[PDB]
Amino acid sequence: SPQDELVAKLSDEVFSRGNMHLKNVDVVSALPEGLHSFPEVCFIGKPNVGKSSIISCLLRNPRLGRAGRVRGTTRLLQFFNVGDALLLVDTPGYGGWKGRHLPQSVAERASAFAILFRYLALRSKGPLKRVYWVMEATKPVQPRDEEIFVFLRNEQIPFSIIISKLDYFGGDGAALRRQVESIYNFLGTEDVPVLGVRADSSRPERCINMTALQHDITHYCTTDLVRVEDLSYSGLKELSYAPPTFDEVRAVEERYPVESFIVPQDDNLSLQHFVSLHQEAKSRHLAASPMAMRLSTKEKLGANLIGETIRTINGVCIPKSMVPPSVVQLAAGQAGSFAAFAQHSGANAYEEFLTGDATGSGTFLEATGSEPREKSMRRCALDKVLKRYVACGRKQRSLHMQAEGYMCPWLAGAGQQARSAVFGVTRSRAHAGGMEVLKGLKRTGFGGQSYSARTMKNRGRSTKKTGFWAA
Amino acid sequence: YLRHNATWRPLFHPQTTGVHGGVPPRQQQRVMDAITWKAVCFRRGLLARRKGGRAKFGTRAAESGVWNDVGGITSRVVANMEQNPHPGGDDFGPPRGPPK
Amino acid sequence: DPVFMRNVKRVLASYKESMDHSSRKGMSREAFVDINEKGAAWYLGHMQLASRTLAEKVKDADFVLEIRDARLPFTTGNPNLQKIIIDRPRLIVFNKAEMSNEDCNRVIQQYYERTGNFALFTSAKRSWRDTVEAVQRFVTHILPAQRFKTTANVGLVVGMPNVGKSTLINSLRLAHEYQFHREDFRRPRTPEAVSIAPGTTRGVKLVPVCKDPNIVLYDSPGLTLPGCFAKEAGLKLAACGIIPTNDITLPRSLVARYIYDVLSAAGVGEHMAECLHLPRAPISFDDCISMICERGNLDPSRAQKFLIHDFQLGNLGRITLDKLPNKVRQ
Amino acid sequence: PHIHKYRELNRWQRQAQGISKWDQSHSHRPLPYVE
Amino acid sequence: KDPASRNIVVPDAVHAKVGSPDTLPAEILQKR
Amino acid sequence: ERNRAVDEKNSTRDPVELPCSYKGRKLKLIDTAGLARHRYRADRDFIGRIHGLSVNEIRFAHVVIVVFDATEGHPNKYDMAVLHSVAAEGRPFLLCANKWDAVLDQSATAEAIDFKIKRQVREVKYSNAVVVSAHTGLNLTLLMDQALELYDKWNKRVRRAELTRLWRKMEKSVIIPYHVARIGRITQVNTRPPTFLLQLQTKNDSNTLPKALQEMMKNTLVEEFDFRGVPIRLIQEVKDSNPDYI
Amino acid sequence: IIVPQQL
Ligand SMILES: Nc1nc2c(ncn2[C@@H]2O[C@H](COP(=O)(O)OP(=O)(O)OP(=O)(O)O)[C@@H](O)[C@H]2O)c(=O)[nH]1
Ligand SMILES: Nc1nc2c(ncn2[C@@H]2O[C@H](COP(=O)(O)OP(=O)(O)OP(=O)(O)O)[C@@H](O)[C@H]2O)c(=O)[nH]1
Ligand SMILES: [Mg+2]
Ligand SMILES: [Mg+2]
Ligand code: NA
């Protein structure tokens, strides 16, 4: 075929130049958008299905793509830049991580799933060119796979299916046909593309149908190109995308909160049964605990025991008692988010003031004695030195805001100009959206600051010019 | 109170104030010696608490095990780690299987 | 650990203190504290003193937005606006209308519609975004078209910070501040910043609500506040949960006596017993408290607390504690 | 003359802020560019 | 139907009269 | 072919002024040489001399049309720097995307140009772009029509009554985080470029308004009275002391 | 560890 031979020579030329690990993403703000805005391709699936093994086999390096028998090896989006023209996104496994005993397991898992689903829902229009749902060879359909398909059909994201563990069939064409038949029965579509391929980065001879995957991902990465000059290697490197707008990134974070990503330890109980077991066990504990009967129904509402509403991927509600406090501290700790900004500027000024006034000695009381000798000045001076120069304890600083927009939101300094600056064109009025296609951003950038957050070293309080205590 | 609010305290060599801060460096050396000593002692404790247990030895407790279990050289290899039925070689003793 | 019950036990073990009731405070903060652009402050004096400042702020504003409680409509509302005839139209928002009486809500709505100012009875579940949408509709369908497009319509928000005014103002301020704190590559890269000092209450003076309708809101911090209230007013506020229950001055015993009296004024004793799951209709307040204790190991203090919380949540029925004036009855 | 910025700061102010001696401006170490 | 949903009519006897001490603030009575 | 248009760089050296008439308006088309960065003309004195003649013509022109190659896509940093220099001199600026016939992805290019403009700091963000093909003559009348429209905005005059009524209702609509003095009266004292005088109620000289509030008022005047593509001057007059104070 | 001259 004319186009198939051109994309084949392109995929070979791009991948033959080498690759490297670009950036790991845990927060929605720190994304490769900027000078590193390549067309991206992600591989999602349940834990221990071969996602990182396929990445390591495509990248031709076993040590680069870290894979292991224990689940939970990948706990955040791993961006791999192949040939300086494409991005391969390695995603965390959606399911129960057995054998992984990392501290703060609930918070680390909730952060892993939050960045996963919010990245897919946001950049589905670009530069995420194709989503690959990696499923195990003979593993049946589980509620985790149901949650994935519900998320995809609600966001209207086209996805391809990769059946890994191809050696499990051992050349059984009949079993593979029944496996894809079970997939087509659960999905409900015959035209969904499915590619079965195993990956062994240790020995190249064990790999089968693996060179066809890099040709496939290049096909979906170049489908945006229109001209044959763009289909060339220079046209793909010039292809870049625009950053998301504030309105669409705020909507996806509101619909998909960090507290909603709480999955069971097993992979057989659905989210409905997992939240029902919490309700049943909590109702029994209240009716059995004597101190629980000492509380009032209004106090239980304040303690979120008897009881906006957090909806999961499937659309089921989770009570506030189900969310552990480690996750709440996680969302408020994530930099560049509304929760972290709300913690700094005050979540509830009237409520926080009365709370702080009650927990302290008083709003106007100073140097009071509750109903020995005080610390000497020579001690306070010594304690201040040990805190500042040894323990490295520092004070908080302020957060800045655009003055031109904060004073008046409906001016041109804030943006969102409905006018058309370009005159004499007919295609600009039709082309719109939060993320558009801009050619050559990798070499030109926006102008001034182009890298996103958490990209450069020694920024902000971590400057190496004046030392730590100077801040 | 009279030392900090009512006493004229001259400076030491105001020509080179931007170097020694107006304080005799012999007094500064005595002050720095005391602060550095107390800073090192507080640091040794903080480093031992961060790394766990002791600073140099870490979580390796003195009562549990040996500090350095490599005196001179140690051979990581283990004899017959493959657990093969016949480790004598490809051909050794009785012949295995019919010839040709 | 299949279900996170360790956290449930941890949060249930910490019930030693309630934020609604104070044990050794004779004065309340919810009656004097209100946040302004500089921070929180205590406003000492009745609203009849600041009537003139309120009138000036109303004249400066384009419309008025009152936030009242439907259970205590006239007790929560500012008497200065009732005494002074103002020309700026006002939209009133009555919260907890599902807890308030339906007949009284309808009569108040008819009275306000006949007067000319708009009334809106919202449920306790509706949100600040819903109130914002209501204000948008009001501005678009009531206020005339202005001459300058860059100019925006100003609305003076009047209410007590416990009914929802403070929550609405804080939500609007936080949203507007975050929108311009988060970086955006599409907007101009103006090298001007606005510092937000950490560890501050961060009160606001003016809050923009919308962009295309061009609506802004001015908050009046110390204009509407209960302050030094009367006996009946304090009983009503403590029964509706507006002010804390002081163990030294405003007792649970007195407020529960008031609730029992206002309920048993009419033939509602059997209905009160049915609501509280009582085996019989109570003859006296002490008998009712003892029956609530029996329904046991709990004390009469816990029984009074349960009765107060049931009346606050509305488990006793819909009731309007305020007396409707004759001009509203007409 | 001088072209640096910290020349208005004396040695005491430099050591108090925590700044390295600008007179010993070493360039054999490259800057941490985003490779 | 539901006892927690029915509305309760409050008579005019529980409402204290005008000019009553429990209706007027303590400052007015103190000053008088 | 009036001028010398070749494929080489640095072809034009002397400005060429041609008196013309468009729809009954006498105008002088001033073809100027290309501008260069300082890093290039530092080692080249002749290029620096040509640059001096180019920037000189900008200072005495009425309307300045900045032309850039649209085949590059988005305008260059130096192209945006020229627009800021034209706004600094006080001339209506207009961005022109030449060689539009040779553009392959006209959709992505028009968005890349629009993205650059709305990203600019000062009044340059209000500038308009016009796609133009010098070979095929692509809507050149539209280019001249806006050049005349920018001249009308340059000489545009605003009434003192509307300036005061606007600011009266604008103080109650904008948020002023700074501690500034009240603006008593605001009058347009001069035109081309339209200069506005802000009379402060204080008597101290160091009570000048911040740069954030100045750009806030300029954006207000532009979006209200349609001063788009035209710079605006602001002069702050402090209340003076009476000679006979008494 | 780095401690500046305090006095
Ligand atoms: N036989 C066979 N084993 C495989 C194949 N792919 C992966 N494995 C094995 O399965 C284990 C899981 O592989 P990973 O690459 O870590 O899978 P993962 O999805 O990245 O795991 P997580 O990061 O926890 O989500 C690996 O240690 C491999 O040994 C395959 O194609 N065939
Ligand atoms: N494809 C295409 N090429 C054009 C178009 N207009 C001009 N060119 C080419 O661009 C080149 C520019 O030549 P000039 O017009 O002299 O450019 P200039 O700005 O005057 O250059 P200097 O005087 O040296 O600063 C010409 O040689 C043309 O070949 C156009 O509309 N389409
Ligand atoms: Mg992995
Ligand atoms: Mg020329
Ligand atoms: Na030329």
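Residue numbers (full-length UniProt numbering), protein chains in the order written: chain G, 39 to 345, 480 to 543, 556 to 655; chain D, 655 to 754; chain X, 12 to 306, 316 to 350; chain F, 22 to 56; chain C, 76 to 107; chain V, 331 to 576; chain W, 45 to 51. Heads up, the beta-carbon is just placed ideally off N, CA and C, and yes, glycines get one too.
Original post:
Regarding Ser384(V) and ligand 5, is the C-beta to nearest heavy atom distance less than 6 Å?
Top reply: no
**OP:** Closer than 8 Å by C-beta to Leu470(V): which residues in its own chain qualify, once you throw out the five before and the five after it? Chain order, please.
**Re:** Within the same chain, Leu470(V) has close Cβ partners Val462.
Subject >> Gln683(D), DSSP secondary structure in three states >> reply: Helix.
Subject >> Per-residue contacts from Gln34(F) into chain W (C-beta, under 9 Å) >> reply: Within chain W, no residue comes near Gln34(F); the closest Cβ sits about 11 Å away, beyond 9 Å.
Original post:
What do you reckon, is the C-beta of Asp305(G) under 6 Å from a heavy atom of ligand 1?
Top reply: Within 6 Å of the C-beta of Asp305(G) there is not a single heavy atom belonging to ligand 1.
Original post:
How many angstroms separate the CA atom of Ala575(G) from the CA atom of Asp567(G)?
Top reply: 10 Å
Original post:
How big is the Cα-Cα spacing for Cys350(V) and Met474(V)?
Top reply: 12 Å
Original post:
Where does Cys489(G) land, buried or exposed, given buried means 16+ other C-beta within 10 angstroms?
Top reply: Result: exposed.
Subject >> When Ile46(X), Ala130(X), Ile207(X), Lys20(X) are compared against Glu524(G), the one with the closest alpha-carbon >> reply: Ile46(X)
**OP:** Could you spell out the range, first to last residue, of the beta strand (DSSP E) harbouring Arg17(X)?
**Re:** Where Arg17(X) is concerned, there is no enclosing beta strand (DSSP E), although the alpha helix (DSSP H) it sits in stretches over 17-24.
Original post:
Going by DSSP, what residues sit across from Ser33(X) in a beta bridge?
Top reply: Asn257(X)
Original post:
Taking just the CA atoms, how far does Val336(V) sit from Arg421(V)?
Top reply: Approximately 29 Å between the Cα atoms of the pair.
**OP:** Please list the partners that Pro524(V) has in chain X, where partner means a Cβ-to-Cβ separation under 8 Å.
**Re:** Chain X residues near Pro524(V): none, gap ~17 Å exceeds 8 Å.
Subject >> Rounded straight-line distance, which links the Cα of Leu97(G) to that of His381(V) >> reply: 51 Å
Original post:
Using DSSP with H/G/I as helix, E/B as strand and the rest coil, what is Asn223(G)?
Top reply: helix
Original post:
Looking at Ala159(G) and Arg113(G), is the spacing between their C-beta atoms short of 7 Å?
Top reply: no
**OP:** For ligand 2, list every residue whose C-beta falls under 6 Å from any of its heavy atoms, going in chain order.
**Re:** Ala335(V), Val336(V), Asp337(V), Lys339(V), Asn340(V), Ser341(V), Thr342(V), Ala363(V), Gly364(V), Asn428(V), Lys429(V), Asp431(V), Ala432(V), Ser463(V), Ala464(V), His465(V)
Subject >> Host alpha helix (DSSP H) of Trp484(V) (start-end) >> reply: 470-484
Subject >> Proximal residues to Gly534(G) (C-beta, below 7 Å), its chain only, five neighbours per side dropped >> reply: none
Original post:
Per DSSP, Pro349(V) forms a beta bridge with which residues?
Top reply: In the DSSP output, where bridge partners are listed per residue, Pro349(V) has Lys358(V).
**OP:** Kindly indicate which three-state DSSP category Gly644(G) falls into: helix, strand or coil?
**Re:** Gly644(G) sits in a helix when the DSSP states are folded into three classes.
Original post:
How many Å lie between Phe326(X) and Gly127(X) at the Cα?
Top reply: 41 Å
Subject >> Contacting residues, own chain, Cβ-Cβ under 6 Å from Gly577(G) (five flanking each side not counted) >> reply: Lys571
**OP:** If I'm right that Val301(G) touches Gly134(G) with Cβ under 8 Å, what's the distance once you round it to whole angstroms?
**Re:** Indeed they touch by this definition, with Cβ atoms about 7 Å apart.
Original post:
Using the C-alpha atoms, what's the distance from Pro202(X) back to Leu233(G)?
Top reply: 51 Å
Subject >> Given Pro196(G) as reference, the closest of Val127(G), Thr628(G), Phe118(G), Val230(G) once Cα atoms are compared >> reply: Comparing Cα positions, the closest option is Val230(G).
Original post:
In its own chain, which residues sit with a C-beta less than 8 Å from the C-beta of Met494(G), not counting the 5 before and 5 after it?
Top reply: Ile300, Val313, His316
Original post:
Checking contacts by CB at 7 Å: is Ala326(G) closer than that to chain X?
Top reply: Residue contact with chain X for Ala326(G): absent (no Cβ-Cβ distance below 7 Å to any residue of chain X).
Subject >> Option in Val346(V), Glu338(V), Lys339(V) with minimal Cα separation from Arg332(V) >> reply: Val346(V)
Subject >> Segment limits, alpha helix (DSSP H) that includes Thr439(V) >> reply: 436-447
Original post:
Taking Cβ positions only, does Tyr573(G) come closer than 7 Å to chain W?
Top reply: yes
**OP:** Give the residues of chain X in contact with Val84(C), contact being defined as C-beta atoms less than 7 Å apart.
**Re:** When 7 Å is used as the limit between beta carbons, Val84(C) is near these residues of chain X: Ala277, in chain order.
**OP:** Out of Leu167(X), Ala42(X), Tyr269(X), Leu83(X), state which residue places its alpha-carbon closest to the alpha-carbon of residue 310(X).
**Re:** A break in chain X separates 306 from 316, and the residue in question, residue 310(X), sits inside that break with no coordinates.
Original post:
Among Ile153(G), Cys592(G), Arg645(G), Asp128(G), which one has its Cα closest to the Cα of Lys502(V)?
Top reply: Distance from the Cα of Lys502(V) is smallest, within the candidate group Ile153(G), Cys592(G), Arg645(G), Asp128(G), for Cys592(G).
Original post:
Can you name the residues that DSSP bridges to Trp53(X)?
Top reply: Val44(X)
Subject >> For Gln529(V), the residue or residues it bridges with in DSSP >> reply: Checking the DSSP bridge columns, you'll see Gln529(V) partnered with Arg515(V), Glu567(V).
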